[PDB]
Amino acid sequence: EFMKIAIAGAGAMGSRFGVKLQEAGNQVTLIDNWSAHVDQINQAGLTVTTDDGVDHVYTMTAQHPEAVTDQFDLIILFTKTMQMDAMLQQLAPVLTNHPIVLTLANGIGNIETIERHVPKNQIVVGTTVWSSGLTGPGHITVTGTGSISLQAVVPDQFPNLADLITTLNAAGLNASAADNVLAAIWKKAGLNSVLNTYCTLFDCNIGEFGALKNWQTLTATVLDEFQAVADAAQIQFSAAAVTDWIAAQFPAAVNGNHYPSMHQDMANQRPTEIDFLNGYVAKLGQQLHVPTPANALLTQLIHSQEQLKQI
Amino acid sequence: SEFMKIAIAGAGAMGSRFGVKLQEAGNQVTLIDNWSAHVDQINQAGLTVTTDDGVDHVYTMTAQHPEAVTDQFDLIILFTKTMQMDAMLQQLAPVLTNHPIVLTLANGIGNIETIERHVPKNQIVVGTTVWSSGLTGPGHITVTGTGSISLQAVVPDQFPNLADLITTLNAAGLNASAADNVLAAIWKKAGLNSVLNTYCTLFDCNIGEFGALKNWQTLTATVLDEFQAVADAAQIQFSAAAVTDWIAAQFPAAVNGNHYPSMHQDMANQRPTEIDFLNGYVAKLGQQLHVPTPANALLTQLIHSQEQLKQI
């Protein structure tokens, strides 16, 4: 089983998937907005450095999304939450043959974003534990092995699941169907909606958050609302499990001295992902008649902080 | 007998001015204060009062630290700040056994509840005043203009002689009247403070910067709609809309655009804030009256975390 495949968002992860899929016999296009990266791949090849320190160079097709004139059987989306709508907009002409759209992007309002651009029954969500590092333009460094877990958004109308799994497995990507993928993405969004958001508001690192005398109340306030919205959305969720995971980050040997991504975003005057974290639970809670006053307020506070940071 | 034995508890600018006037009117006055330089200066060289014409007037006054006080009184007038008030009353415990009138003119809004833990609530009277006074230094105030006081008994059907208290204040030229809009006025101010202080502190911004926010109205409503709901349950007059217009009036540079409110300066100096007597007080009272206050409760927690971080 082969497909014609587009990797939309060709960072570390996308580039690694692309090489493996091409080497397996699939036709692959890497789609990305970073010019240096797209140019380097086309001009000097994509460098893949393995554990033994050997540099492997692959001939790959890379394009900016507006330049893409081909159409595909499958789009694999790695583009971040906030860039995803623009990317799909630029690919409008590409989408008219109604491809499978597999989102492996981190974060949690990705389905809803994708729904504005393609019929929801062609959407599949996924997680993966494959890893990859972006060393520079046209250069990744890779190690270890991995797997992918997949869940159709509309299982009773998605015809292509078997084909999708066969194609990914034939490339050695180790994919399987599972019903708890959306739950896993929610669980991660729970952790992110406590640690990113509070660290940003307080200008502190993860250990300093965990040293707060009211860290448990702050965490519960957010997560009890997550739990209520997940319940109404019929997505498995455990506030208690997310809490244990958060607390596991506190020690210096894990993430005690790390500032999370939203904190760095704020520090660099970049717009944060708040509307895909606390803001998404608030918006979805609104739609399901579940009160989310804490998450709604935290979202507003972050928006105000962003506005002040660009004075 | 216009002649009362009076203690001024909290003898900053305002208390010192009240005290001098009440002493000069024929009352026996004790100034009670925690600032040693001030207490020493008053006892050693008198209280200096500088008037508009620049003339320095010096009065002989009695000042003590609360711990030292053994006298008893007919009236305590409280100016002590929300957060210091419990400690002050604690230190005066032996003094309070003759059940004095307690008149609180302190700014802020959980003062009655604090006082209730030390004296029966029916001896409590709340007040506002527009007398002004400036604290120039230890034992030295500068004063201007005239003023008035509005007074409201906390338990009007059990407070016997409000008229006597007014007679004593007025014989000293303080221009007091009975009114029943005082508690509402305190709530109104607590409303303004719970928006401007708290958000400016969280955002490290000034009042104009807050007003320039594209979501200033939502942030203000979130707090004030809860205030309105708790005031309603407490049967205290409150208007979110009027408080909102007052807040908005502060934004221009010509008013308070470039000022940082008191809580912001407190945070900047690693001082504990008055959050538990602002957003924290509405949250606690809302809890007691079964009114949800999730926004004010969270804002309170955020400010507590910020205080903790500021002392690393």
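In what follows, chains are A, B, ... by sequence order, proteins preceding strands, each numbered from 1.
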Given a strict heavy-atom distance threshold of 4.5 Å, which part of B:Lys214 is in contact with chain A: side chain, backbone, both, or neither? both

Measure B:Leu219 against the heavy atoms of chain A and call it side chain, backbone, both or neither at under 4.5 Å. side chain

For [X], does the [atom1] atom sit with more than 12 other heavy atoms under 6.0 Å from it, leaving out its own atoms?
X: A:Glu115; atom1: CD; value: yes
X: A:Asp179; atom1: CG; value: no
X: A:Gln287; atom1: CD; value: yes
X: A:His117; atom1: NE2; value: yes
X: B:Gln237; atom1: CD; value: no

Give, for atom [atom1] of [X] and atom [atom2] of [Y], the distance between the pair rounded to the nearest 0.5 Å.
X: A:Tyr198; Y: B:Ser305; atom1: OH; atom2: OG; answer: 8.0 Å
X: B:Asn206; Y: A:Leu308; atom1: CG; atom2: CG; answer: 9.5 Å
X: B:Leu299; Y: A:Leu301; atom1: CG; atom2: CG; answer: 6.5 Å
X: B:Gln306; Y: A:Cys204; atom1: CD; atom2: SG; answer: 10.5 Å

Region of A:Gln307 that comes under 4.5 Å of a non-hydrogen atom in chain B: side chain

Close side-chain approach of B:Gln301 and A:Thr221, heavy atoms under 4.5 Å: no

